[PDB]
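Participant: Here you go, one structure.
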Amino acid sequence: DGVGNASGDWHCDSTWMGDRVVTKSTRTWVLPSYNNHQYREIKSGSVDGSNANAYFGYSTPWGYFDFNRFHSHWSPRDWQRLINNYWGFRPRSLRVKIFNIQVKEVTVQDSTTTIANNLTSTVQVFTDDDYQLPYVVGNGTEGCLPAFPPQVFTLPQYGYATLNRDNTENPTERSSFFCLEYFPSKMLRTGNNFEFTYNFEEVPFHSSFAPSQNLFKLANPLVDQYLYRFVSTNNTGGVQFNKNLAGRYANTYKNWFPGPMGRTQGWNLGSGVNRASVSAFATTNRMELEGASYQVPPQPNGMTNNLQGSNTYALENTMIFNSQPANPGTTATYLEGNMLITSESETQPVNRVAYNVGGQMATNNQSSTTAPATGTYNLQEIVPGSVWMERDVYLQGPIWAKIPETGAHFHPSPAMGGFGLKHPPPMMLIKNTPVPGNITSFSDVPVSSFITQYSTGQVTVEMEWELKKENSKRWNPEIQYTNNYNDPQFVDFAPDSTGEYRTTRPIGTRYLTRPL
Amino acid sequence: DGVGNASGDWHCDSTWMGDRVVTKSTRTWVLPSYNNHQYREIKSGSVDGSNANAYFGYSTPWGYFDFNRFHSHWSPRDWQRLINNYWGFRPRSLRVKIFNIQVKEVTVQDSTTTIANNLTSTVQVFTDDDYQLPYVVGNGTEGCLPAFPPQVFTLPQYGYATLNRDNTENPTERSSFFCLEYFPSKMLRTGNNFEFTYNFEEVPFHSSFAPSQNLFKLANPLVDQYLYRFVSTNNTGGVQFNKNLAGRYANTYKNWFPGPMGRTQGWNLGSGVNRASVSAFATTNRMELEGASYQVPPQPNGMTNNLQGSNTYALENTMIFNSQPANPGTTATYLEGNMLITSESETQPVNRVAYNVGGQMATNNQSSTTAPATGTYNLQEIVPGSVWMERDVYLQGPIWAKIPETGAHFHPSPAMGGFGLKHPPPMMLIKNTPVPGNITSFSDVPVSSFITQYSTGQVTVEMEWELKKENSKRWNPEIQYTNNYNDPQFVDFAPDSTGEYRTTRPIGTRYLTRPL
Amino acid sequence: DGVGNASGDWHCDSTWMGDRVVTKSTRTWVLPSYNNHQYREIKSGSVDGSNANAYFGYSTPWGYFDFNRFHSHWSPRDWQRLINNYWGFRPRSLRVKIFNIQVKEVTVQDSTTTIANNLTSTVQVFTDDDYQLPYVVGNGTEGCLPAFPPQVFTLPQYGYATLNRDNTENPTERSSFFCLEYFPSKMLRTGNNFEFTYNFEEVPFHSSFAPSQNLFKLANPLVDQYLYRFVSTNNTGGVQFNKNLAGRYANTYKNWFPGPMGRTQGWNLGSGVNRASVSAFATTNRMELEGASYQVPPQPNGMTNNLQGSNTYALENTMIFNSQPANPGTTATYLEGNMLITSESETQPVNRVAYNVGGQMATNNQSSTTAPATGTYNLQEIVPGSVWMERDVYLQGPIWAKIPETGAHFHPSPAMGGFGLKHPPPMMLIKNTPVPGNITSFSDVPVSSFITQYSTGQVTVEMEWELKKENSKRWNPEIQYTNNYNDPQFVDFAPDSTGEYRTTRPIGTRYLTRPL
């Protein structure tokens, strides 16, 4: 339309309408001109003594919008309203809007650096709707819409790794290059706006409740089982049985089993002595792939990293966030006091404890001459009639992940939590259209001098979520997420005296309970 | 209606109508007044040297109807008619009826103990249709409708365990209390009756056939494979191949694999020496959960506990029933002569043997200096292209189990056999409405003196089952379940001279065969 | 619309149409960027030796429009036309418009500080229609549309106090943070405008008349009462009566009583000696709240601060304005010559005098041995059959106050005068949308460098008022507000030689009289 008319309005809200809730968020973004308008091939060799660190890829001059964190859509208080009242939820639709664009030209003649706005410049924008480009959004990386609405953010630069050859920096004949200018995009001048809608594919509700019963003790403690059990042999070797009594859960027959587990190492937070001067890496859990060794946090779903009322944590089975945002490439050594360490202790009635052995079993064949022997195991995968709880979602965590296209997968639920999607919300890429400097003669060699500039604008995301109403018959009152602080020095989830947003705790999702 | 009119009739039957069969059972039940009308919080610490035995829960004054045993619906002879002719079956619907109620008041003045009937007293009854209460029915516990129709049974008391804290008797802030009087129930006087219907959710047919072929020998024994195999290296290290010949099953290429296995210990029944003076517990298979060690019979599906024509049994992978019903809390040491030990030997062509190693595999990397080494394994979970047979159903065993609500499970088929249901037949609870004794003054303190009483009545269950017709082209005659006894001293599955029902053998379900 | 077209026109007017009068005001406002775009948590401890001064709250980067002063809508001359002719009035509707916006960018490179206009920048605007935010408008604070139409004003910064803990600067777990960007707002570029309408809820007319009779002397001075009164006891103790004569008002029986009073201290203005070297604070009237002592001017309604034709003023029961506007945070010691001290002397026939005792009453029980004793009181609250006059409204005073939501209040009429409203004219907030400076690299840390800028525009308020026509039968002429000055050196309510607006007197509202 025009220069003196606004292309959209500010919307931040939450509208609860029974079975649905609609969240809206608007933020102000700024977009730098990345790479100075060109593609570069980026690469690395073996860094920090690990060739799993090697890669080969491309950085592009595009930036993208990333809103795959819950705090980008939920306020602390609406999150509390959700986890204290519902049993589950899932995303239904998405609507995005980019508007009020402003391109600024920057000129640094004689160290004066003046910023003027360029009314005729454009930004290009497109969404990759067929998933033809490497999807980098759901991998726990930075650059999402901020938690707090008044914050202004920088869009991150799009880049991707393709195939490297033999754990070195070199490409292979299969490494691909994707040119993003090879997709159709819209061009927007200062009076233009971009709009985009999306519907999620039917996914299972997240389970925002904790189990009120232990999986191995579902039998009625008042009645005995009509099943018996082998309990020994007499002085001659003949077998003897005993009836499974009422409430002797250590012996009853079971119908269901706990989920898969792979033992992780346990460390003590706060009080609780640990081995001094250790170097985690050398002894962490790894998986090999293409000849290299990778750490695999947070480990696959089906375990619990903490046992309620204990300070031992299987740290690599844990999501660890920082209480605040950090600068790029920081190598500082943070301590427990700076972190937001999550705990999955409310799944312990169903998920095995990560730092303990998973059980034991027969190692030999007993005979008149050999005594029965058993041996414990450290890992155990899926068996039939197995049940576990998926990892929890936090307000500061990720909403979805793309399920990789390979044609074969098992139980597509991402290790970091959230929804696993075949076709997730498409990537939205954006860049400042290049504007050439003063060029006076002809050359077949591509132009390399540009006017420096950047853009800024507003972005609105509108998500509809479907809720699963809590339907309990528990008599006594439940546990609820509550604002409880002893002698607060500042309000949590609010700006402090400096104006910086504070958050002292990770807020999970399981407060309500249910009988198994 | 009224005192002198009966509220229902007696129905026991079986109606076969092609693809369906409808069973009806009526029994006479008696209901004691449990706990003297009050809820109690029950609990236990570490019993028998195992804190997996600890719990915290509640007993209620309610009793419930449990008809989750096949012999509650099938006569020995109809069961035989089913397993000798069909390939499978599954439950379709359920209809329950409680009628002809009679409340009796018991007065023990001067050691005379007279029983009179109280025409104005009620029983309360309800079904938990939304599964809001801890479901205790499918956990192999006692108190089901009896096998034999003339038997009168006592309804069991409803109780449940909730969460205990740290393997001790104490509750946690998440432990829940469920008050059952907090549901809507019907009240029945002597002229009233209760009726309830239910439809099962589409489940897979049980497979009542044994495989006529071994899974590893599905190739035609007359033709060779067009695939080759590595057979050695020559004096220089160069690799050599050999064609896979006709009928050399030890080498053919396979497409499918046997199901998951976890080695269990094997013991000899009858003839066959075992290690003398053993104490099973210390070396049985265990799974850890919340810091405690639990035995897990019958182990997960996918194994066979016995090898046909052998007396070695992997006893913990076995369902062991008693030939007769036992008294509550018996600590007697039964011998093989008293038991009904089931055998899954007819799945051996597809399921690995529980007391043997599961296979072996590469442990190193061979080179000119090291010889290839291999190591056996004792457990192996699911892999792709795995096939196994679920555990069999017995006439004296369980029909269904509730699949626990956790949001994540794999292959919901219960270890003890039967159908795994998301929404199983709802629990039916019943209790004698309390009647206060002589109270002459007012008190804010709840009444604690009641008239003692009990009730009795009839209960009819009507189930429709769908059958899968056997469609074989086998030429020679099949194996059938048959009444074969050498010199019977009494008729089996009949009352003896005392009037007590006899059953000398577990009747499984696989007699018919099928080619894989 | 566009850059070269104006978004609205200038309207200043007054249209009298019988029973209604419509006022319109347009002003030019300027809006600074407050706090540099961020929220800050502001707080204070015990200041000036009083912990009632402690608080905890938040300043925001928003500013707001405040038109809750009568002089924002009335000219001195229309005010005179209102108070000389009507008996009352009340507000009926409100219409607001913000237009002709202009955002200016300010750059201070090399001490040149140049101001350019930025055609693409926005201001955000919204009205809090559900009263979800702390309402700070009706609390006698600065920043309203100016009295004189040519004046340009700065919008004040929105801030609020929430709960502090124990009269200290610390918050409590109940202290709330309100993010204003969490409401939906409009964005306006230089061609846009915002419009908003509101209807007041039916309120009682203000009473702009003075009583022509004294409340205790409503009886006809020509007739005696048919009631008698106790006047003494004879030498034996027997009681004696006397008839209440005609016009002896000191004794008649009364039907109605004066309003509530709490004694305030009286000081002499002009001529009239006061105690020398006093420090008011230590002896002013206070109310305790949460453990702290607060001064409570102007005291609750129902008293008169001055007795007509006297120079004694109960200064804390008085509204004291300054003859001119002052700078922020001035600690100057003003003298009577600089003030506009209001007087409520025209309510004296009905309201008790604040610096005098309120009356007296029985303190003992007389008997043959004790003489009747009495004791005066300093405070007396509401009794049944009590009548008083509310405080007057001045041209330089406040129009409305929000009645606090607590569920319980008595006679919601604000101490400072005006209308008390359940749902008052919603707050209108406005801010300059932030525009980021030159950002060249990505960071997850929020942007903190902005282009400095400010905005300006016009604002039009249109209020409809309903009038109550004066309907007197007084014969002789009334008192009227009149422009009377002996030897004027300058015209009052006009700009002086410097161009600054002068106002030498507070203009109340009661000139007309009425018989009680």
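Letters for chains follow the order of the structure tokens (A, B, ...), residue numbers begin at 1 for each chain, and ligand numbers begin at 1 in the order shown.
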May I have all residues of range 350-467 of chain B that DSSP, computed from the backbone, assigns to strand (DSSP E or B), given as a ChimeraX atom specification?
Facilitator: /B:352-353,359-362,374-377,379-380,386-387,400-402,408-410,419-421,428-432,436,450,453-467
Participant: Give the residues of chain B that lie within 6 Å of chain A; count only C-alpha atoms, and format the answer as an mmCIF file with C-alpha atoms, in the first residue's frame.
Facilitator:
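Okay, selection_36.cif is ready:
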```cif
data_model
loop_
_atom_site.group_PDB
_atom_site.id
_atom_site.type_symbol
_atom_site.label_atom_id
_atom_site.label_comp_id
_atom_site.auth_asym_id
_atom_site.auth_seq_id
_atom_site.Cartn_x
_atom_site.Cartn_y
_atom_site.Cartn_z
ATOM 1 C CA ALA B 52 9.122 -53.853 46.686
ATOM 2 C CA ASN B 53 6.509 -55.261 49.044
ATOM 3 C CA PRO B 134 -7.976 -47.652 40.093
ATOM 4 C CA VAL B 136 -7.904 -53.798 39.870
ATOM 5 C CA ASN B 139 -4.300 -58.565 37.599
ATOM 6 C CA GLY B 140 -4.714 -62.276 38.172
ATOM 7 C CA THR B 141 -6.491 -61.900 41.516
ATOM 8 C CA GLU B 142 -9.215 -64.066 43.092
ATOM 9 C CA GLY B 159 -8.923 -51.890 47.775
ATOM 10 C CA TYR B 160 -6.060 -50.211 45.938
ATOM 11 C CA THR B 162 -1.534 -45.543 45.508
ATOM 12 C CA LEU B 163 1.908 -43.998 45.799
ATOM 13 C CA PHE B 177 -7.798 -40.950 47.924
ATOM 14 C CA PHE B 178 -10.880 -41.997 46.015
ATOM 15 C CA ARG B 263 16.797 -65.869 29.497
ATOM 16 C CA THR B 264 14.930 -67.442 32.443
ATOM 17 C CA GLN B 265 16.196 -70.364 34.556
ATOM 18 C CA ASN B 274 17.686 -80.208 39.874
ATOM 19 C CA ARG B 275 20.126 -78.478 42.210
ATOM 20 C CA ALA B 276 19.140 -79.513 45.751
ATOM 21 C CA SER B 277 18.065 -77.066 48.513
ATOM 22 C CA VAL B 278 17.720 -73.918 46.406
ATOM 23 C CA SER B 279 15.941 -70.635 47.245
ATOM 24 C CA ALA B 280 14.610 -69.272 43.941
ATOM 25 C CA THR B 283 18.379 -65.495 41.449
ATOM 26 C CA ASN B 285 14.653 -62.341 36.825
ATOM 27 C CA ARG B 286 13.987 -58.798 38.108
ATOM 28 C CA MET B 287 13.157 -55.332 36.897
ATOM 29 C CA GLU B 288 13.908 -52.220 38.944
ATOM 30 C CA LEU B 289 11.282 -49.551 39.424
ATOM 31 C CA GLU B 290 11.546 -46.534 41.741
ATOM 32 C CA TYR B 294 10.475 -56.814 41.431
ATOM 33 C CA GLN B 295 10.043 -60.352 40.087
ATOM 34 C CA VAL B 296 8.296 -60.161 36.734
ATOM 35 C CA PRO B 297 6.495 -63.410 35.904
ATOM 36 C CA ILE B 320 1.041 -71.890 37.381
ATOM 37 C CA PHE B 321 -2.491 -72.572 38.666
ATOM 38 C CA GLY B 329 -3.163 -66.189 52.986
ATOM 39 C CA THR B 333 4.559 -75.497 50.273
ATOM 40 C CA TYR B 334 2.813 -77.078 47.294
ATOM 41 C CA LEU B 335 4.510 -79.696 45.158
ATOM 42 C CA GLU B 381 14.601 -57.296 22.457
ATOM 43 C CA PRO B 404 -2.269 -48.523 31.427
ATOM 44 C CA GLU B 405 -2.900 -44.872 30.451
ATOM 45 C CA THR B 406 0.588 -43.292 29.997
ATOM 46 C CA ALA B 408 3.164 -44.517 25.258
ATOM 47 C CA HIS B 409 3.227 -48.260 24.879
ATOM 48 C CA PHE B 410 4.431 -50.941 22.574
ATOM 49 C CA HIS B 411 2.250 -53.818 21.406
ATOM 50 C CA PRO B 412 -0.400 -53.788 24.147
ATOM 51 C CA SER B 413 -0.743 -57.519 24.729
ATOM 52 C CA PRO B 414 -0.646 -58.584 28.419
ATOM 53 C CA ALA B 415 2.023 -60.900 29.697
ATOM 54 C CA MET B 416 -0.565 -63.190 31.316
#
```
Participant: Could you check which of A:458, A:107, A:327, A:378 is closest to residue 150 in chain A, using only C-alpha atoms?
Facilitator: A:458
Participant: Between C:453, C:324, C:293, C:342, which residue has the minimum interatomic distance to residue 33 in chain C, considering only C-alpha atoms?
Facilitator: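 For residue 33 in chain C, the nearest of the given residues is C:453.
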Participant: As a PyMOL selection string, please: every residue in range 189-293 of chain C that DSSP puts in helix (DSSP H, G or I).
Facilitator: chain C and resi 280-283
Participant: Just the selected residues (C-alpha atoms), exported as a PDB file, in the first residue's frame, please.
Facilitator:
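To be explicit, this is the file written out as selection_11.pdb:
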```
ATOM      1  CA  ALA C 280       2.587  19.777  60.701  1.00  0.00           C
ATOM      2  CA  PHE C 281       3.339  16.071  59.971  1.00  0.00           C
ATOM      3  CA  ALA C 282       3.814  14.909  63.606  1.00  0.00           C
ATOM      4  CA  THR C 283       0.236  15.944  64.505  1.00  0.00           C
TER       5      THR C 283
END
```
Participant: For CA of residue 57 in chain A and CA of residue 144 in chain A, determine how far apart the two atoms are, in Å to one decimal place.
Facilitator: 22.3 Å
Participant: Which polymer residues have any atom within 6 Å of an atom of residue 86 in chain C, counting only C-alpha atoms, with same-chain residues fewer than 5 positions away left out, as number ranges by chain?
Facilitator: C: 468-470
Participant: Could you name the residues that touch residue 14 in chain A at 12 Å or less, counting only C-alpha atoms, but leaving out those on the same chain fewer than 4 positions away, as a PyMOL selection string?
Facilitator: (chain A and resi 20-25+73-79+81-82+461-465) or (chain C and resi 182-184)
Participant: Kindly save the residues from that selection, with N, CA and C atoms included, as a short mmCIF file (atom, residue, chain, number, x, y, z; two decimals), in the first residue's frame.
Facilitator:
```cif
data_model
loop_
_atom_site.label_atom_id
_atom_site.label_comp_id
_atom_site.auth_asym_id
_atom_site.auth_seq_id
_atom_site.Cartn_x
_atom_site.Cartn_y
_atom_site.Cartn_z
N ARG A 20 -10.71 -25.25 23.34
CA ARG A 20 -9.65 -24.59 22.58
C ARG A 20 -9.07 -23.43 23.35
N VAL A 21 -7.90 -22.99 22.93
CA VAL A 21 -7.25 -21.82 23.48
C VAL A 21 -6.46 -21.34 22.29
N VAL A 22 -6.47 -20.04 22.08
CA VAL A 22 -5.78 -19.44 20.97
C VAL A 22 -4.77 -18.46 21.49
N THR A 23 -3.51 -18.62 21.14
CA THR A 23 -2.50 -17.70 21.62
C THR A 23 -2.04 -16.82 20.45
N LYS A 24 -1.68 -15.57 20.72
CA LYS A 24 -1.20 -14.64 19.71
C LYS A 24 -0.01 -13.96 20.27
N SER A 25 1.00 -13.78 19.45
CA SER A 25 2.22 -13.14 19.89
C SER A 25 2.72 -12.25 18.82
N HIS A 73 4.82 -18.49 22.90
CA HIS A 73 3.38 -18.40 22.74
C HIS A 73 2.62 -18.30 24.03
N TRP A 74 3.23 -18.72 25.13
CA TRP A 74 2.56 -18.74 26.42
C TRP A 74 3.19 -17.84 27.44
N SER A 75 2.36 -17.14 28.22
CA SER A 75 2.91 -16.35 29.30
C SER A 75 3.02 -17.30 30.46
N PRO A 76 3.84 -16.96 31.43
CA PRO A 76 4.00 -17.79 32.60
C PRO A 76 2.67 -18.11 33.26
N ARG A 77 1.81 -17.12 33.33
CA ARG A 77 0.53 -17.27 33.91
C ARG A 77 -0.44 -18.07 33.06
N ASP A 78 -0.35 -18.04 31.76
CA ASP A 78 -1.28 -18.87 30.99
C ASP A 78 -0.79 -20.31 30.97
N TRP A 79 0.50 -20.48 31.13
CA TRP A 79 1.08 -21.77 31.17
C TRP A 79 0.58 -22.40 32.45
N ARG A 81 -2.14 -21.74 34.02
CA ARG A 81 -3.51 -22.02 33.90
C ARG A 81 -3.74 -23.31 33.12
N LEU A 82 -2.81 -23.65 32.24
CA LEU A 82 -2.90 -24.86 31.45
C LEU A 82 -2.48 -26.12 32.20
N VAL A 461 2.44 -14.36 15.43
CA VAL A 461 2.14 -15.79 15.30
C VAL A 461 0.84 -16.06 16.05
N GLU A 462 -0.09 -16.75 15.44
CA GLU A 462 -1.35 -17.09 16.09
C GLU A 462 -1.55 -18.61 16.09
N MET A 463 -1.49 -19.26 17.24
CA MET A 463 -1.70 -20.71 17.30
C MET A 463 -2.95 -21.17 18.01
N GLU A 464 -3.67 -22.11 17.42
CA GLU A 464 -4.82 -22.67 18.09
C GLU A 464 -4.40 -24.00 18.69
N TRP A 465 -4.76 -24.23 19.95
CA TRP A 465 -4.42 -25.48 20.64
C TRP A 465 -5.66 -26.15 21.10
N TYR C 182 1.09 -6.99 26.23
CA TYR C 182 0.31 -8.18 26.22
C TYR C 182 -1.17 -7.92 25.95
N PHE C 183 -1.48 -6.71 25.53
CA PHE C 183 -2.85 -6.35 25.16
C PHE C 183 -2.78 -6.10 23.68
N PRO C 184 -3.92 -6.14 23.01
CA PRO C 184 -3.96 -5.89 21.56
C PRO C 184 -3.91 -4.37 21.35
#
```
Participant: Just want the 7 Å neighbourhood of residue 58 in chain C, counted on only C-alpha atoms, with same-chain residues fewer than 3 positions away dropped. Output as a list in words.
Facilitator: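 Surrounding residues, per the criterion: residues 39, 40, 41, 42, 159, 160 and 161 of chain C.
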Participant: Export, as a compact mmCIF listing (two decimals), in the first residue's frame, the selected residues with N, CA, C and O atoms.
Facilitator:
```
# COMPACT_ATOMS: atom_id res chain seq x y z
N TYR C 39 10.92 -2.06 30.57
CA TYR C 39 10.27 -2.05 31.86
C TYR C 39 11.31 -2.08 32.91
O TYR C 39 12.32 -2.72 32.74
N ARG C 40 11.09 -1.38 34.01
CA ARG C 40 12.02 -1.39 35.09
C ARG C 40 11.20 -1.61 36.31
O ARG C 40 10.03 -1.27 36.35
N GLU C 41 11.80 -2.22 37.31
CA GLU C 41 11.12 -2.45 38.55
C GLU C 41 11.67 -1.32 39.41
O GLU C 41 12.87 -1.22 39.61
N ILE C 42 10.76 -0.45 39.87
CA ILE C 42 11.09 0.70 40.71
C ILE C 42 10.70 0.41 42.15
O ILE C 42 9.75 -0.34 42.42
N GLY C 159 3.12 4.00 35.29
CA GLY C 159 3.86 3.26 36.28
C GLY C 159 2.80 2.88 37.28
O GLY C 159 1.69 3.36 37.18
N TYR C 160 3.13 1.97 38.19
CA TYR C 160 2.18 1.54 39.21
C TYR C 160 2.87 0.87 40.35
O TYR C 160 3.98 0.43 40.21
N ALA C 161 2.26 0.88 41.51
CA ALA C 161 2.84 0.23 42.68
C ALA C 161 2.03 -1.04 42.89
O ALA C 161 0.84 -1.10 42.60
```
Participant: Give me, as a PyMOL selection string, all polymer residues having an atom no more than 9 Å from range 28-31 of chain C, counting only C-alpha atoms and skipping those fewer than 5 positions away in the same chain.
Facilitator: chain C and resi 63+145+149-156+430-432+454-459
Participant: Ranking A:203, A:341, A:379, A:427 by minimum distance to residue 90 in chain A and counting only C-alpha atoms, which one comes first?
Facilitator: A:203
Participant: So that I can see what lies close to range 417-419 of chain A, please list as a list in words the residues with an atom at most 7 Å from it, counting only C-alpha atoms and leaving out residues fewer than 2 positions away in the same chain.
Facilitator: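 Close residues of range 417-419 of chain A: residues 391, 392, 393, 398, 399, 400, 401, 413, 414, 415 and 421 of chain A.
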Participant: Those same residues - N, CA and C atoms - I'd like them written as a short mmCIF file (atom, residue, chain, number, x, y, z; two decimals), in the first residue's frame.
Facilitator:
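Now in out.cif:
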```
data_model
loop_
_atom_site.label_atom_id
_atom_site.label_comp_id
_atom_site.auth_asym_id
_atom_site.auth_seq_id
_atom_site.Cartn_x
_atom_site.Cartn_y
_atom_site.Cartn_z
N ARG A 391 8.91 -37.81 27.54
CA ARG A 391 9.48 -36.70 28.27
C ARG A 391 8.49 -35.54 28.31
N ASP A 392 8.59 -34.76 29.38
CA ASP A 392 7.74 -33.62 29.59
C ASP A 392 8.07 -32.39 28.73
N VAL A 393 7.10 -31.49 28.59
CA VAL A 393 7.36 -30.27 27.89
C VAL A 393 7.45 -29.20 28.95
N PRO A 398 11.10 -26.73 23.56
CA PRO A 398 10.65 -26.97 22.17
C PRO A 398 9.30 -27.58 21.96
N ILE A 399 8.52 -27.05 21.03
CA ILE A 399 7.20 -27.61 20.77
C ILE A 399 7.18 -28.83 19.81
N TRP A 400 7.89 -28.77 18.70
CA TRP A 400 7.87 -29.88 17.76
C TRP A 400 9.22 -30.21 17.16
N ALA A 401 9.29 -31.34 16.48
CA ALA A 401 10.51 -31.78 15.79
C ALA A 401 10.01 -32.39 14.50
N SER A 413 8.58 -39.97 18.52
CA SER A 413 8.42 -38.99 19.60
C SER A 413 9.86 -38.57 19.92
N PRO A 414 10.18 -37.28 19.68
CA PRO A 414 11.50 -36.70 19.91
C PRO A 414 12.05 -36.74 21.32
N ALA A 415 13.33 -37.07 21.41
CA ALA A 415 14.00 -37.19 22.66
C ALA A 415 13.89 -35.92 23.52
N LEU A 421 6.54 -34.47 14.06
CA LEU A 421 5.67 -34.28 12.91
C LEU A 421 6.28 -34.72 11.61
#
```
Participant: Work out how far CA of residue 452 in chain C is from CA of residue 120 in chain C, in Å to one decimal.
Facilitator: 14.2 Å
